[PDB]
Amino acid sequence: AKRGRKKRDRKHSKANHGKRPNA
Amino acid sequence: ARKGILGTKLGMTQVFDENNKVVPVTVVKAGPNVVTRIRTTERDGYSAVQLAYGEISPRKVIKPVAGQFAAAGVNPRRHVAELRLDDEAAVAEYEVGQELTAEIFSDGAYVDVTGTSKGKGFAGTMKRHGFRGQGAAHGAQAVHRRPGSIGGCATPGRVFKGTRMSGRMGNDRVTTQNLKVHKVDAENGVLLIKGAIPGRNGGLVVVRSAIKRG
Amino acid sequence: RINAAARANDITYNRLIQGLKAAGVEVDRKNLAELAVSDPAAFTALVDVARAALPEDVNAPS
Amino acid sequence: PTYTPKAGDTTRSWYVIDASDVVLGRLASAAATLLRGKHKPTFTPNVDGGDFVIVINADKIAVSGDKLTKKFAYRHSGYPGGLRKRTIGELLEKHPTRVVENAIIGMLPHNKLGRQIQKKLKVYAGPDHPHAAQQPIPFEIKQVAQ
Amino acid sequence: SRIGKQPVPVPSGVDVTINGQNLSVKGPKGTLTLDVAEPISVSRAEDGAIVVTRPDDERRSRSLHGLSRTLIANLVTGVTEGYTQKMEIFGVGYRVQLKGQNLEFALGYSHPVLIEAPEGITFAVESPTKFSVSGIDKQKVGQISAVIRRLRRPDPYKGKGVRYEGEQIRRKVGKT
Amino acid sequence: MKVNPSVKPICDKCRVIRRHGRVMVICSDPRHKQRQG
RNA sequence: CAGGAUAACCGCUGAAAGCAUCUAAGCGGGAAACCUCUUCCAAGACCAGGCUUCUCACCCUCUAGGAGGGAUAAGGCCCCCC
RNA sequence: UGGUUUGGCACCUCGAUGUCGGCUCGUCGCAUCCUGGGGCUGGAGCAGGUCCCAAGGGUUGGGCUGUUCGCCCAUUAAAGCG
RNA sequence: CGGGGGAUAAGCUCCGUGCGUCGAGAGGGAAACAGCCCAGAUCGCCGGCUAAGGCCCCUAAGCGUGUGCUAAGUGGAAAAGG
Ligand SMILES: [Mg+2]
Ligand SMILES: [Mg+2]
Ligand SMILES: [Mg+2]
Ligand SMILES: [Mg+2]
Ligand SMILES: [Mg+2]
Ligand SMILES: [Mg+2]
Ligand SMILES: [Mg+2]
Ligand SMILES: [Mg+2]
Ligand SMILES: [Mg+2]
Ligand SMILES: [Mg+2]
Ligand SMILES: [Mg+2]
Ligand SMILES: [Mg+2]
Ligand SMILES: [Mg+2]
Ligand SMILES: [Mg+2]
Ligand SMILES: [Mg+2]
Ligand SMILES: [Mg+2]
Ligand SMILES: [Mg+2]
Ligand SMILES: [Mg+2]
Ligand SMILES: [Mg+2]
Ligand SMILES: [Mg+2]
Ligand SMILES: [Mg+2]
Ligand SMILES: [Mg+2]
Ligand SMILES: [Mg+2]
Ligand SMILES: [Mg+2]
Ligand SMILES: [Mg+2]
Ligand SMILES: [Mg+2]
Ligand SMILES: [Mg+2]
Ligand SMILES: [Mg+2]
Ligand SMILES: [Mg+2]
Ligand SMILES: [Mg+2]
Ligand SMILES: [Mg+2]
Ligand SMILES: [Mg+2]
Ligand SMILES: [Mg+2]
Ligand SMILES: [Mg+2]
Ligand SMILES: [Mg+2]
Ligand SMILES: [Mg+2]
Ligand SMILES: [Mg+2]
Ligand SMILES: [Mg+2]
Ligand SMILES: [Zn+2]
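Residue numbers (the entry's author numbering), protein chains in the order written: chain 5, 2 to 24; chain a, 2 to 215; chain m, 64 to 125; chain f, 2 to 147; chain d, 2 to 177; chain 2, 1 to 37.
Next comes the structure, spelled out in structure tokens:
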């Protein structure tokens with residue numbers, strides 16, 4: 002749902018290089 | 002523009018129309034009044050006129066009010082109110098010291114009434130707000146007249162400020178509009194208004210020219 | 064505090080520090096701050112020295 | 002030890018800024034920095050060191066883009082379903098100073114230091130002001146080349 | 002561009018004055034004002050013509066050059082001659098008549114419909130089925146013409162309503 | 001006012017224009033007239 | 001009721017692009033939707049609003065820097081019949 | 001696209017998360033039942049089919065099954081979906 | 001990283017990896033966020049130099065310099081297709 006899309010999309014911040022725990 | 006006059010509620014009585022009809026009316030004693038102050042734009046920021054009413058012994062009133070009335074140039078009175086106008090031409094009509102009577106109105110002209118409601122005291126929900134109770138038998142547990150469910154569960158989890166529930170009622174200003182006027186008596190200076198108006202016997206009431214349709 | 068003083072004296076903090084480094088003066092930020100609150104004339108003299116010591120063009124590829 | 006401000010060493014001053022054909026962001030930034038006193042070399046976070054400011058001719062504020070109708074200022078009274086909205090055009094039409102006051106308020110810390118600070122600002126709509134008896138000093142927004 | 006290249010001619014019996022960006026023209030029919038867009042400058046030729054020039058060939062300049070030229074031509078021709086439009090009404094039991102500055106229509110509704118005449122225009126009627134409107138500003142003329150036209154809904158069956166001089170409406174026949 | 005995500009010049013007499021960010025085609029035949037959205 | 005600005009839609013003048021086009025410059029119409037217009041609350045709105053009238057004066061103490069205590073005017077409160 | 005039915009994962013709660021309908025009482029979204037404004041029709045007109053904008057207000061009373069669901073009896077504009 | 005079971009679904013499960021981390025790990029970075037980036041805490045110092053990220057104000061540092069694109073708040077949510 003909306004909840005799921007947010008965290009996966011928020012992982013694409015250049016700060017974390019794209020790899021984060023828990024997708 | 003919008004005429005006004007003070008008065009007092011007296012009671013109820015019947016009057017029969019020329020067409021052989023029946024219409025209950027209220028008797029209002031719009032006693033003579035005086036003008037003590039006028040409000041102008043460059044002085045205050047609005048347009049209105051100040052009135053006074055009531056007969057009081059000089060020793061009753063307090064010294065600052067007595068001094069204000071003396072400076073105005075009239076004898077002391079009991080109550081004071083004002084009528085808010087909308088232009089300067091209208092206020093130009095009124096002058097300090099002028100006397101107004103009930104004649105100003107004419108029969109067949111709709112007006113408005115202002116006053117205070119009765120004193121009902123603290124009351125239950127079903128009475129104050131017209132809730133609907135529940136079954137008085139077939140398995141009650143002393144919930145005959147209490148409302149019941151009040152809100153949601155954990156979402157959001159409050160009482161939604163503004164909910165309708167128990168509390169005191171009455172004792173506040175109430176107004177009614179476009180009331181017909183039946184007859185005017187000059188010698189007695191009393192009004193006959195069709196219908197019922199708010200207030201109590203021997204209370205305070207102010208009547209104004211109709212806005213909605215007048 | 065140093066940034067405020069330099070901006071008041073019409074020069075940026077980064078350029079001030081660059082000029083100090085070029086001139087080779089090793090005094091510390093606390094000393095600059097105390098001197099500025101105490102001796103505006105000395106602060107102005109130091110700022111002028113730094114500006115003189117600054118290179119020609121800050122944009123040069125050197 | 003490092004210098005600290007004493008009981009009565011602080012001194013204030015009067016400033017006036019015009020708002021004729023200027024950009025709201027720059028005006029707000031300048032006002033905020035002046036309020037905080039960052040320019041003064043006697044800055045200390047714990048005690049205010051701000052300076053008075055006067056803003057004139059708010060109605061002439063210029064805003065770029067289509068923000069005249071696509072930017073909205075929201076607020077809510079508190080009862081359910083009470084969220085009503087207004088547009089910047091109507092806001093300027095009715096209350097010229099509200100936009101600038103809100104902008105400056107948002108441009109400052111929200112703690113009680115800033116709550117006290119916001120007392121330091123007076124904003125007007127017309128080109129005049131009854132505060133001429135205190136001789137305010139004109140000010141101009143400028144950039145330091147580097 | 003292509004349409005803005007040609008200078009606008011100026012007749013002898015018209016006065017033209019220029020004050021910076023603003024431009025006003027005085028003629029027998031009256032006078033009017035104008036403000037011009039800042040990207041484009043305007044110059045007057047000594048040979049009784051107006052020349053409009055663009056500083057650069059970008060999109061906005063290319064668009065505004067022709068607009069300014071055509072607008073100047075339209076306003077000069079209007080102040081010289083003016084503008085008029087004729088109207089006709091088709092149907093049975095449809096009438097129109099003139100009452101002073103006001104004009105009323107009878108399209109068959111239960112109640113009559115009246116239209117007020119704003120400033121700068123006049124209404125002329127020569128026949129109960131045909132009339133005309135006159136004015137100086139083409140934009141006002143067109144606005145008032147459209148307002149008058151939109152009084153009645155389109156009728157592709159009987160053609161009842163108001164139609165322009167050379168305007169032909171599609172008609173379809175309903176068998177039932 | 002056929003509203004579909006995609007529009008086409010159904011017949012030769014259809015012409016395409018752009019308005020306020022939304023592109024639609026106008027034609028003499030109303031059936032041929034539609035807008036996207 | 002009436003007024004103001006709007007969504008869907010209907011438009012006038014118009015090049016880019018010799019034509020055409022409700023548009024990129026401009027100007028218009030268009031609803032129980034939005035803003036005033038109806039009733040009520042409301043200056044603890046800390047920018048703590050505005051117009052008026054009333055009194056604008058008697059002492060002591062610590063040490064004279066202010067503060068504290070006592071005695072008063074305008075007014076208010078307590079008790080009493082409702 | 002929605003996570004609202006039937007489904008798959010066992011990650012928070014077995015020194016406790018008390019359970020379907022009904023009664024009373026709300027609040028919210030629009031994928032619109034009427035009330036409102038438009039357009040296209042294999043639109044004579046009444047009346048119909050479809051699409052677009054729009055969430056201010058209302059949305060009955062009874063018979064049958066505990067029922068949810070469902071069928072039926074009489075009007076109104078409707079007896080809306082969550 | 002290379003694989004099986006699965007609907008090429010899961011924050012699912014089962015393997016292999018001189019593989020990293022957490023588990024048994026403070027600081028700084030991404031608003032908050034153990035498993036991501038830099039970096040391994042003997043103690044004191046009102047001292048200097050830097051990685052990751054930043055330099056309009058909140059909040060320390062550039063409303064930096066030179067050459068080009070943007071009319072969409074695209075910047076600051078996604079596909080067939082037009
Ligand atoms: Mg994965
Ligand atoms: Mg009742
Ligand atoms: Mg009962
Ligand atoms: Mg009991
Ligand atoms: Mg009981
Ligand atoms: Mg298709
Ligand atoms: Mg065209
Ligand atoms: Mg056209
Ligand atoms: Mg106050
Ligand atoms: Mg007393
Ligand atoms: Mg578990
Ligand atoms: Mg657990
Ligand atoms: Mg547990
Ligand atoms: Mg238990
Ligand atoms: Mg429970
Ligand atoms: Mg239960
Ligand atoms: Mg919809
Ligand atoms: Mg309809
Ligand atoms: Mg249809
Ligand atoms: Mg709806
Ligand atoms: Mg409503
Ligand atoms: Mg049964
Ligand atoms: Mg893998
Ligand atoms: Mg796999
Ligand atoms: Mg597991
Ligand atoms: Mg394993
Ligand atoms: Mg470790
Ligand atoms: Mg850690
Ligand atoms: Mg951390
Ligand atoms: Mg160590
Ligand atoms: Mg360094
Ligand atoms: Mg780096
Ligand atoms: Mg700083
Ligand atoms: Mg910049
Ligand atoms: Mg460039
Ligand atoms: Mg975005
Ligand atoms: Mg895409
Ligand atoms: Mg394609
Ligand atoms: Zn076509």
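By construction, the Cβ of each residue, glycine as well, lies at the ideal position given by its N, Cα and C atoms.
Write down the C-beta distance between residue 109 (chain a) and residue 172 (chain a) rounded to the nearest angstrom, noting that I regard them as a contact closer than 8 Å. Between residue 172 (chain a) and residue 109 (chain a) the Cβ distance is about 34 Å, and since that is not below 8 Å, they are no contact.
*Taking the DSSP output, what are the residues bridged to residue 47 (chain d)?*
Beta-bridge pairing links residue 47 (chain d) to no other residue.
At least three beta-carbon pairs within less than 8 Å, the segment 119 to 134 of chain f to the segment 43 to 62 of chain f
yes
Next on the checklist: Please report the distance separating the alpha-carbon of residue 165 (chain a) from that of residue 80 (chain f).
Outcome noted: 13 Å
Environment of residue 88 (chain d) [buried if 16+ CB atoms lie within 10 Å]
Residue environment for residue 88 (chain d): buried (at least 16 other C-beta atoms within 10 angstroms of its C-beta).
Who are the near neighbours of residue 161 (chain a) in its chain, counting only those whose CB is closer than 7 Å to its CB and skipping five residues on each side? 152
ask   = Which residues mark the beginning and the end of the beta strand (DSSP E) in which residue 184 (chain a) is found?
value = 182 to 186
Cβ pair residue 138 (chain f), residue 15 (chain f) closer than 8 Å
yes
- Message: Can you list, in chain order, the residues of its chain with a C-beta nearer than 7 Å to that of residue 120 (chain d)? Leave out the 5 residues immediately preceding and following it.
- Response: Cβ neighbours of residue 120 (chain d) beyond the five flanking positions: none.
Under the DSSP definition of a beta bridge, which residues are partnered with residue 1 (chain d)?
Here chain d has residues from 2 to 177 only, and residue 1 (chain d) is not among them.
Open item on the list: If the cut-off is 8 Å on Cβ atoms, which residues from the segment 18 to 47 of chain f count as contacting chain m, listed in chain order?
Closed with: The residues in question are 39, 40, 41, 42, 43, 44.
Quick one: what's residue 52 (chain a) bridged to in DSSP?
36 (chain a), 82 (chain a)
Neighbouring residues, chain f, relative to residue 100 (chain m) (Cβ below 8 Å)
4, 42, 43
Quiz item: What is the DSSP secondary structure of residue 117 (chain f), reduced to helix, strand or coil?
Solution: helix
**Beta carbon proximity, residue 136 (chain f) to chain m, threshold 8 Å** = By this cut-off, residue 136 (chain f) is not an interface position.
**Request:** Work out the CA separation of residue 114 (chain a) and residue 29 (chain a) for me, nearest whole Å.
**Result:** Taking the straight line from one Cα to the other gives about 11 Å.
Nearest neighbour of residue 213 (chain a), chosen from 201 (chain a), 198 (chain a), 184 (chain a), 179 (chain a) [CA to CA] = 179 (chain a)
*Looking only at DSSP bridge pairs, what is residue 31 (chain d) linked to?*
28 (chain d)
Along the chain, where does the alpha helix (DSSP H) containing residue 92 (chain m) start, and where does it finish? Per DSSP, the unbroken alpha helix (DSSP H) holding residue 92 (chain m) starts and ends at 92 to 101.
Inset, instruction - Just the C-alpha distance for residue 18 (chain 2) and residue 24 (chain 2), rounded to the nearest angstrom, thanks. - result: 6 Å
Under 8 Å between C-beta atoms of residue 111 (chain d) and residue 122 (chain d): With a cutoff of 8 Å on beta-carbon distance, residue 111 (chain d) and residue 122 (chain d) are scored as not near each other.
*Would you kindly report the start and end of the unbroken alpha helix (DSSP H) that includes residue 91 (chain f)?*
89 to 95
Sub-8 Å separation of residue 122 (chain f) and residue 36 (chain f) beta-carbons = yes
**Asked** What did DSSP end up calling residue 62 (chain f) once you bin it into helix, strand or coil?
**Response** coil
| Cβ of residue 83 (chain a) within 8 Å of Cβ of residue 50 (chain a)? | yes
Item checked: Through-space distance from residue 65 (chain a) to residue 109 (chain f), alpha-carbon basis -> 48 Å
Practice task
Using a cut-off of 9 Å between C-beta atoms, extract the partners of residue 80 (chain f) located in chain a.
Solution key: Correct list: 161, 162, 163.
Span of the beta strand (DSSP E) around residue 17 (chain a):
5 to 17
Spell out the partners DSSP gives residue 107 (chain d) in its beta bridges.
96 (chain d)
* Asked: Cα separation between residue 167 (chain d) and residue 147 (chain d)?
  -> Straight through space, the alpha carbons of residue 147 (chain d) and residue 167 (chain d) are spaced by roughly 15 Å.
Residue 140 (chain d): first and last residue of the uninterrupted alpha helix (DSSP H) it sits in
Judged by DSSP secondary structure, residue 140 (chain d) falls within the alpha helix (DSSP H) whose first and last residues are 139 to 150.
Beta carbon of residue 74 (chain d), beta carbon of residue 9 (chain d): below 8 Å? For residue 74 (chain d) and residue 9 (chain d), yes; Cβs fall inside 8 Å.
Just tell me which of 31 (chain f), 10 (chain f), 12 (chain f) has its CA closest to the CA of residue 18 (chain f).
-> 31 (chain f)
Output yes if chain m places a C-beta closer than 8 Å to the C-beta of residue 144 (chain f); else output no.
-> no
> If we ignore side chains and look at the alpha-carbon of each, how far apart do residue 71 (chain f) and residue 116 (chain d) end up?
Replying inline: 37 Å
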